Ligand SMILES: O=C(O)[C@H]1O[C@@H](Oc2cc(O)cc(/C=C/c3ccc(O)cc3)c2)[C@H](O)[C@@H](O)[C@@H]1O
Ligand SMILES: O=C(O)[C@H]1O[C@@H](Oc2cc(O)cc(/C=C/c3ccc(O)cc3)c2)[C@H](O)[C@@H](O)[C@@H]1O
């Protein structure tokens, strides 16, 4: 599992559950091609997006659909989505975790890249 | 000034200086049209991107060129750019400050929205 | 103004208003002596805590009373207060801005340190 | 394990390893009594601090020794330590995770409280 996503809710102090996540890969023509998607689990995690074989070097975009999350909780949020855009590099460690901490008017995202 | 950007560097404890910022607006055909651009000052602020008249309702993307910023400092960061996407002015005109706190493998962003 | 505090509310996208702030300084005997206190303005800023003369070298604790802030808004938060502890002025006088971004189960804080 | 700590490094994009963590409980006289301590693991985590039986309601302080962490990496940091002060409440979910994301001049901490 070379790419995982973890999403946390800073208002409730919980994992952010049932958040839609869409991953795209940047194509040669510089458009964003759908790559993988899913919804976060009860633990705020989304595993199984891709495989080592398919996750080649390139630029990827992870879009986290924060607006729908907040609206489902009855809260009015600022963003349309949270977006994380990065280059996958083979010279780095093998596993990418993209973590995001959500608030209605803010977020904070880090990458944890490990062997 | 209805849209302003503030960027801080969490490594050095300073304003993030000379950070390029490109703003796009979603057009009727659903693509991202270039809207305004600039770079942060010595105070990490970017003023004067647009005007009240031009900043109409829509969906805007503020791309903060964090990779270019880190590379110019000779460091290899993780993200390409921090993107902030939001609907603006859909309850009338507001003033928006988009703030970002940058580290090489992480960034934070928040919005401060005021009603003049 | 060598020590200033800025607090933002990540729930409402606004300055955090009327947030109490207590600053302590570690005394020679190792306890936390009260140093200055104030509350944030309508802009979420707190100026005038101290002076250049009084703000000598030392270890300072800035306690931001986030629980009191959230409770006054009728919400039940997780932390008691955000504490920011740092050595100041140990390479000569500097100006410090302590910024904090608050949510009920989370907060961020960064420092901006400038040399006049 | 009612209390866990997770520490991440926002400069390196990694877990923060071998970070000292000290937990205190606020005593009746309002002093801070040592309660539990340890160093984060290779995954940036510290488990086994306490037990359900010992972790009673009260105010706790988790001090993360960030200054030593940064200095060991050759980096000059701003803070003496990161401090997380909170009330443990039995009406809430059973497990507290205190997460912290470190930079030299900044940090960000959340609580994930789950069943
Ligand atoms: O199940 C697991 O292995 C772990 O899940 C962990 O949850 C995570 C996992 C992860 O890869 C990253 C985070 C990141 C927290 C974070 C905190 C602040 C911020 O600005 C951004 C992110 C939390 C729990 O914190 C830990 O307590 C548990 O053990
Ligand atoms: O628009 C607003 O109401 C306010 O936003 C403010 O934006 C700032 C300015 C500043 O000096 C620091 C900050 C700190 C932002 C911050 C962002 C992310 C984080 O994790 C921690 C702090 C924000 C402007 O300083 C103020 O002039 C304006 O008024």
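The chain as shown is numbered from 1 upward.
Positions of Cβ are set from backbone N, Cα and C atoms, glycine also.
So that you can see what the record holds, here are the features copied from Swiss-Prot:
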type     : residues         : note
BINDING  : D:6, D:45, D:108 : L-thyroxine binding site
CARBOHYD : D:89             : N-linked glycosylation site
MOD_RES  : D:1              : sulfocysteine
MOD_RES  : D:33             : 4-carboxyglutamate
MOD_RES  : D:43             : phosphoserine
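What Swiss-Prot annotates, mapped onto the structure for a quick look.
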{"residue": "D:1", "record": "sulfocysteine", "DSSP class": "coil"}
{"residue": "D:6", "record": "L-thyroxine binding site", "DSSP class": "strand"}
{"residue": "D:33", "record": "4-carboxyglutamate", "DSSP class": "strand"}
{"residue": "D:43", "record": "phosphoserine", "DSSP class": "coil"}
{"residue": "D:89", "record": "N-linked glycosylation site", "DSSP class": "coil"}
{"residue": "D:108", "record": "L-thyroxine binding site", "DSSP class": "strand"}
Please name which of the recorded positions listed here, D:33, D:43, D:45, D:89, D:108, is nearest in space to the residue listed as 'sulfocysteine', Cα against Cα.
D:45
Recorded positions satisfying Cβ distance under 8 Å to any chain A Cβ, from D:6, D:45, D:89:
none
Checking your reading of the structure: which of the recorded positions D:33, D:43, D:89 lie inside a 10 Å Cα sphere centred on residue D:6 (L-thyroxine binding site)?
D:43
Listed recorded positions with Cβ under 6 Å from ligand 1, out of D:1, D:6, D:33, D:43, D:108:
D:6, D:108
Tell me the Cα distance separating the residue listed as '4-carboxyglutamate' from residue D:45 (L-thyroxine binding site), rounded to the nearest angstrom.
23
Please state how far apart, in Å and to a whole number, the two most distant Cα atoms are among D:6, D:45, D:108, the recorded L-thyroxine-binding residues.
16
Including all protein chains shown, what's the count of other C-beta atoms within 10 A of the C-beta of residue D:1 (sulfocysteine)?
14
Find, for the listed recorded positions D:33, D:45, the residue with the lowest Cβ contact count at a 10 Å cut-off, counting only other Cβ atoms.
D:33
My list of binding-site residues is D:6, D:45, D:108; which of them have a Cβ under 8 Å from any chain C Cβ, in sequence order?
D:108
Of all the recorded positions given, namely D:33, D:89, D:108, which is spatially nearest to residue D:43 (phosphoserine) at the Cα level?
D:108
Could you tally the C-beta atoms, other than its own, that fall within 10 angstroms of the C-beta of residue D:108 (L-thyroxine binding site)?
29
Intermolecular Cβ proximity, recorded positions D:1, D:43, D:108 versus chain B, under 8 Å:
D:108
Looking only at C-alpha atoms, tell me how far residue D:108 (L-thyroxine binding site) is from residue D:33 (4-carboxyglutamate), rounded to the nearest Å.
25
Counting across all protein chains present, how many other Cβ atoms fall within 10 Å of the Cβ of the residue listed as 'N-linked glycosylation site'?
13
Taking the Cβ of residue D:6 (L-thyroxine binding site) as the centre, how many other Cβ atoms fall within a 10 Å radius?
20
